[PDB]
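For reference, the structure discussed in these notes is given below.
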Amino acid sequence: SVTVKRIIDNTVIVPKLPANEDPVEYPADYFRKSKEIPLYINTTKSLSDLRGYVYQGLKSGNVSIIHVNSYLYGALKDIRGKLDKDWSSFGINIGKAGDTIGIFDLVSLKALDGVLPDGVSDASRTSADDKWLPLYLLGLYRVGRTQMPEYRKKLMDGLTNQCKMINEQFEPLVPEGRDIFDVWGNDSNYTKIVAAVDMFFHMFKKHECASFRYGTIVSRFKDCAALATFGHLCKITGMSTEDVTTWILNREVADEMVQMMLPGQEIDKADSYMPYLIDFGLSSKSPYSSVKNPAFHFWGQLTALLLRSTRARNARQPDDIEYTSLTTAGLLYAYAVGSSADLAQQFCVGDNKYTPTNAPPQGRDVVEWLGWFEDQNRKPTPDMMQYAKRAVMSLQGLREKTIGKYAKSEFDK
Amino acid sequence: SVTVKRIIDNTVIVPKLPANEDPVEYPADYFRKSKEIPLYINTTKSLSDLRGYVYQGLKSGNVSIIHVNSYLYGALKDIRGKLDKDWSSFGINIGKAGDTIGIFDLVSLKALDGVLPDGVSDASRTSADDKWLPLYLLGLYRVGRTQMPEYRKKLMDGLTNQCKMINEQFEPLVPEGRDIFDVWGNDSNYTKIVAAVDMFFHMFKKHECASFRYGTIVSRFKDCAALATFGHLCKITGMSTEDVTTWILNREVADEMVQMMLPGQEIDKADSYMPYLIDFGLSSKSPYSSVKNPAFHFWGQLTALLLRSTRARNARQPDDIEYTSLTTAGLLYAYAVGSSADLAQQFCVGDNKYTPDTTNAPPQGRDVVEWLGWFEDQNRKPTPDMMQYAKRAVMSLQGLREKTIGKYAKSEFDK
Amino acid sequence: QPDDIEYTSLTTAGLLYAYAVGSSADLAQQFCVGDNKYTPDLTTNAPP
């Protein structure tokens, strides 16, 4: 309808509305540009000194990020780990047959000049060093993300991990909520380390120091929720990835989906850079984010909730999506799966069972159901509605703006 | 459906999703590699000394794990126990033919150099030693696992055991919750001892010192819940292991099942290493874990709950499994067993009852094929009676923790 | 809620729009494996 007229007086009106942008950036379409991920670990002073500046700065309540980065690079240059097979991603050849490589085999540059305290702090601290201090530093990245009292839930375990080797304790005193170290995650060089460590131990899963993954793990697939919800949807319906796809029933979810499955981005790859696209700063607007995949995110999570997901009662409810239709589509999917059990004899002793109008389709086929739905005047039947109710009533403790609370308001009146 | 097209514009889309790994590691496929389980009991200083470092470190509130390990090895080298028959597992020939063997006949190496306090602590403590001190040390392993106030439930008994010989008391002061000794379980060498002790006294069940099993027992079958739930399922339905198997009714439970019954792993063996696969570090991802057998675990426990298990009302409800179908399948199994009593005259006095004598009346016995068929007939949708059966099984359950399959079951069936 | 507007009629109009959208789901098969559903299949007071 490129053209709209106003009947009263036959004049043309041209409906337009404000431009929105934030186009996503994929990982591949970046190793076009550069062919290395720069890590500006700056000053290169003694490790013995650095061990000091931190152990102090920590117990103090302030310590330069610049210093901790440097210290980490210091204690982590263990060139440990022998390449099982080969290893390469996005064209970059990280290692090869038999090779021996270490964490920072992901691209070091140095820079700047200014620092803090002079040359050499309090010698008091020894090689109660690599062992555990880095783990702490990395640990805090995780803790620095959660905005809620749950943080002290993590820090608890964050140190009851800790206690292995020397049995220390707290370091700051100030809660968090953003101010303390909670802002380390804002340092493009810090994150790049967290990512390189996680990516590294994800490969050498088995390694004395692979414990460092604690707290370094929440960087893998950071800002890639949609991919995860899609995964859960398959696991939770029992359907194949291609079958689940066909159950997508509204354009902007298909749009979203097409956007996520763009090829040559290595998402199905074992150990690639793709999962850390954010923390290595490969991309500044993730294509796989839940906010750039709102329709999908809603549909997927709502459906999973009707199918009994616990994960899903707390998902966030996106804004500016087409709720009514998105949820009708979800209901149907959920109803189909919900009433047709896979159910098929699996083992035997010489005697198998050969399985040989408004009653709804037998299996889980989109076409059978779409058609049955037409037959129903494309309006949810009372049974579906009943199904929904028995899935949402008896849910308690629901945070607002969750699609749990949305679902319960919609179905359990 | 290797191929998916988008109708509006006939372009191909290739649905893919993130790779997951954690492949399991079986015990056997390990005694391929090594042929011994290394136990790095390090420093080898006087026992008299060690008895000290701990009795102190304990009353103190800190003591090196390294020390306690060493102490244990010290007081436990009782080479007690005479082999009843023969004994071997996974190729390793542990003993033979009337041999005499002791706990640490499972592979000692020494290592490192650094320690703590000098040469010789407080002589104050004597051979109120072997008797009871080791038991305490081992006892703590158990206590160190439970994350809940139940811990002081165990420690209570953990010492009201204790009281035998000497009548002592508490040692730390600080509760638990991970920090105190609750982290000993993280010491690959500590666990190896716990396992070796348990596996040893499980063989010499009858032995003055076999009391040490207290608290060393929760290492046996550690991280093998699925195997246990399968055992309970049989016991709780009355069915044989092979008949229970046939009642599996969804792929990913069969998958799971097949994974657990992989052959030559010695799971049905009397005294093998298999039960301790985790604490001897034979495997770092158990094939029998409840988390690597989620579908089975759910199905098995839900079914048992419908059949009146108490154990099962508190099992954990796994994530990322196919609930609806998993529970339809469970219901059916539970309904079949639930309505068809074994019921058969067993003793007599010359006069037996020979059992000899519709449509929607459901099958007579407990046969998968009869029922599957009957279920087809029912439009593969649970009938009102089944539904009623479920309700009367879950209503009147009270005190349900969230994320348990007890609470799941009650929400699904007792509206 | 603005003042000095024609509420009753403004909301009748809103209801209708909401009802239309609210009952007619977009709903259309989007992906497939060689078998699409061609939509090709109350006459009076059944709404559009």
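Identifiers in this document derive from the order of the structure tokens: chains are assigned A, B, ..., residues are numbered from 1 separately in each chain, and ligands are numbered from 1 in order of occurrence.
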query = Within 7 Å of chain B, which residues of chain A show up when using only C-alpha atoms, listed as a ChimeraX atom specification?
reply = /A:160,163,227,231-232,235-238,241-242,258,261,267-270,307-308,338-339,341-348,352-353,394
Using only C-alpha atoms, what does the table of chain C residues within 7 Å of chain A look like, with each row giving the shortest atom pair and its distance in Å to one decimal, sorted by chain and ascending number, as a tab-separated table?
```
residue	atom	partner	partner_atom	distance
C:22	CA	A:324	CA	6.3
C:23	CA	A:379	CA	6.8
C:25	CA	A:325	CA	4.8
C:26	CA	A:325	CA	6.2
C:27	CA	A:249	CA	5.3
C:28	CA	A:249	CA	5.1
C:29	CA	A:249	CA	5.0
C:30	CA	A:249	CA	5.6
C:31	CA	A:246	CA	4.3
C:32	CA	A:246	CA	5.2
C:36	CA	A:367	CA	6.6
C:37	CA	A:367	CA	5.1
```
Could the residues in this selection be written to a file with N, CA and C atoms, as a tab-separated table (two decimals), in the first residue's frame?
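And here is the file that came out, selection.tsv:
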```
chain	number	residue	atom	x	y	z
C	22	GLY	N	-7.06	-9.17	17.43
C	22	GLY	CA	-6.96	-10.01	18.60
C	22	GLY	C	-7.43	-11.41	18.35
C	23	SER	N	-8.31	-11.56	17.37
C	23	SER	CA	-8.88	-12.85	17.08
C	23	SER	C	-8.29	-13.48	15.81
C	25	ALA	N	-5.16	-14.37	14.22
C	25	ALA	CA	-3.72	-14.53	14.29
C	25	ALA	C	-3.05	-14.49	12.91
C	26	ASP	N	-1.87	-13.87	12.79
C	26	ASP	CA	-1.16	-13.90	11.51
C	26	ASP	C	-1.12	-15.34	11.08
C	27	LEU	N	-0.51	-16.16	11.93
C	27	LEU	CA	-0.47	-17.61	11.76
C	27	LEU	C	-0.31	-18.08	10.31
C	28	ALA	N	0.91	-18.41	9.93
C	28	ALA	CA	1.18	-18.94	8.58
C	28	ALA	C	2.46	-19.77	8.56
C	29	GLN	N	2.39	-20.99	8.05
C	29	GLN	CA	3.56	-21.84	8.08
C	29	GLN	C	4.70	-21.06	7.46
C	30	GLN	N	5.91	-21.18	8.04
C	30	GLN	CA	7.04	-20.37	7.61
C	30	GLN	C	8.22	-21.17	7.04
C	31	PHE	N	8.54	-22.32	7.63
C	31	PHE	CA	9.59	-23.19	7.08
C	31	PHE	C	8.98	-24.55	6.70
C	32	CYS	N	9.67	-25.34	5.87
C	32	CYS	CA	9.13	-26.64	5.50
C	32	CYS	C	10.15	-27.67	5.04
C	36	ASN	N	4.29	-27.93	2.13
C	36	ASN	CA	3.69	-26.74	2.72
C	36	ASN	C	2.24	-27.03	3.07
C	37	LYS	N	1.58	-26.13	3.80
C	37	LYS	CA	0.13	-26.15	3.91
C	37	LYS	C	-0.40	-25.04	3.05
```
ask   = range 211-223 of chain B: which residues within 10 Å, counting only C-alpha atoms, same-chain residues fewer than 5 positions away excluded, as an MDAnalysis selection string?
value = chainID B and resid 131:132 134:145 154:155 157:158 161 191:202 205:206 228 267 273:280 285:292
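Taking only range 89-191 of chain B, the residues that DSSP calls alpha helix (DSSP H) from the backbone come to residues 133, 134, 135, 136, 137, 138, 139, 140, 141, 142, 143, 151, 152, 153, 154, 155, 156, 157, 158, 159, 160, 161, 162, 188, 189, 190 and 191 of chain B.
Among the candidates C:47, C:41, C:35, C:16, the residue lying nearest to chain B is C:35 (atoms considered: only C-alpha atoms).
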message = Excluding range 209-214 of chain A and its own-chain neighbours fewer than 2 positions away, which residues fall within 7 Å of it when counting only C-alpha atoms? Please give them as a PyMOL selection string.
response = chain A and resi 135+139+198+201+205-207+216-217
key: Non-local contacts of residue 307 in chain B (8 Å; only C-alpha atoms; under 6 positions in same chain excluded) as a PyMOL selection string   = chain B and resi 236-237+334+338+393
If you keep N, CA, C and O atoms, can you produce a file of those selected residues as a PDB file, in the first residue's frame?
```pdb
ATOM      1  N   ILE B 236      10.229 -51.642  43.201  1.00  0.00           N
ATOM      2  CA  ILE B 236       9.011 -50.940  43.583  1.00  0.00           C
ATOM      3  C   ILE B 236       7.814 -51.310  42.703  1.00  0.00           C
ATOM      4  O   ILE B 236       6.678 -51.049  43.083  1.00  0.00           O
ATOM      5  N   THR B 237       8.077 -51.920  41.545  1.00  0.00           N
ATOM      6  CA  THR B 237       7.018 -52.415  40.666  1.00  0.00           C
ATOM      7  C   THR B 237       6.864 -53.913  40.786  1.00  0.00           C
ATOM      8  O   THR B 237       5.842 -54.470  40.404  1.00  0.00           O
ATOM      9  N   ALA B 334       2.689 -46.600  35.483  1.00  0.00           N
ATOM     10  CA  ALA B 334       2.238 -46.602  36.859  1.00  0.00           C
ATOM     11  C   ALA B 334       0.821 -47.124  36.945  1.00  0.00           C
ATOM     12  O   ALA B 334       0.472 -47.831  37.882  1.00  0.00           O
ATOM     13  N   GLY B 338      -0.353 -50.344  38.680  1.00  0.00           N
ATOM     14  CA  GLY B 338      -1.109 -49.853  39.812  1.00  0.00           C
ATOM     15  C   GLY B 338      -2.450 -50.508  39.972  1.00  0.00           C
ATOM     16  O   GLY B 338      -2.985 -50.543  41.068  1.00  0.00           O
ATOM     17  N   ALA B 393      -2.849 -40.282  43.924  1.00  0.00           N
ATOM     18  CA  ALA B 393      -1.478 -40.622  44.272  1.00  0.00           C
ATOM     19  C   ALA B 393      -0.681 -39.399  44.709  1.00  0.00           C
ATOM     20  O   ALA B 393       0.314 -39.526  45.416  1.00  0.00           O
TER      21      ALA B 393
END
```
Tell me, as a PDB file with C-alpha atoms, in the first residue's frame, which residues lie within 9 Å of range 107-122 of chain B, counting only C-alpha atoms; anything in the same chain fewer than 6 positions away does not count.
```pdb
ATOM      1  CA  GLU B  36      47.447 -48.819  38.753  1.00  0.00           C
ATOM      2  CA  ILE B  37      45.697 -46.135  40.801  1.00  0.00           C
ATOM      3  CA  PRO B  38      48.413 -43.763  42.108  1.00  0.00           C
ATOM      4  CA  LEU B  39      48.071 -42.527  45.680  1.00  0.00           C
ATOM      5  CA  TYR B  40      50.441 -39.626  46.361  1.00  0.00           C
ATOM      6  CA  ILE B  41      50.698 -39.866  50.114  1.00  0.00           C
ATOM      7  CA  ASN B  42      53.517 -37.404  50.376  1.00  0.00           C
ATOM      8  CA  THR B  43      55.807 -36.657  53.263  1.00  0.00           C
ATOM      9  CA  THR B  44      56.838 -39.692  55.271  1.00  0.00           C
ATOM     10  CA  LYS B  45      57.598 -38.364  58.762  1.00  0.00           C
ATOM     11  CA  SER B  46      56.916 -39.974  62.129  1.00  0.00           C
ATOM     12  CA  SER B  48      53.780 -39.945  66.501  1.00  0.00           C
ATOM     13  CA  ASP B  49      54.497 -36.484  65.077  1.00  0.00           C
ATOM     14  CA  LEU B  50      51.587 -36.563  62.648  1.00  0.00           C
ATOM     15  CA  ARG B  51      49.156 -37.698  65.334  1.00  0.00           C
ATOM     16  CA  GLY B  52      50.200 -34.391  66.868  1.00  0.00           C
ATOM     17  CA  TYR B  53      49.936 -32.027  63.900  1.00  0.00           C
ATOM     18  CA  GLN B  56      46.360 -29.851  67.215  1.00  0.00           C
ATOM     19  CA  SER B  64      46.950 -29.162  56.367  1.00  0.00           C
ATOM     20  CA  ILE B  66      48.604 -32.960  53.338  1.00  0.00           C
ATOM     21  CA  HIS B  67      49.176 -33.844  56.990  1.00  0.00           C
TER      22      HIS B  67
END
```
task = Using backbone DSSP assignments, extract all strand (DSSP E) residues from range 18-150 of chain A; output them as a list in words.
result = residues 39, 40, 87, 88, 89, 92, 93, 94, 95, 108 and 109 of chain A
remark   = Closest of C:42, C:5, C:21, C:33 to chain B, counting only C-alpha atoms, is C:33
key: Test item: residues at most 12 Å from residue 383 in chain B, only C-alpha atoms, excluding those fewer than 6 positions along its chain, as a list in words   = residues 328, 331, 332, 335, 360, 361, 362, 374, 375, 376, 377, 389 and 390 of chain B
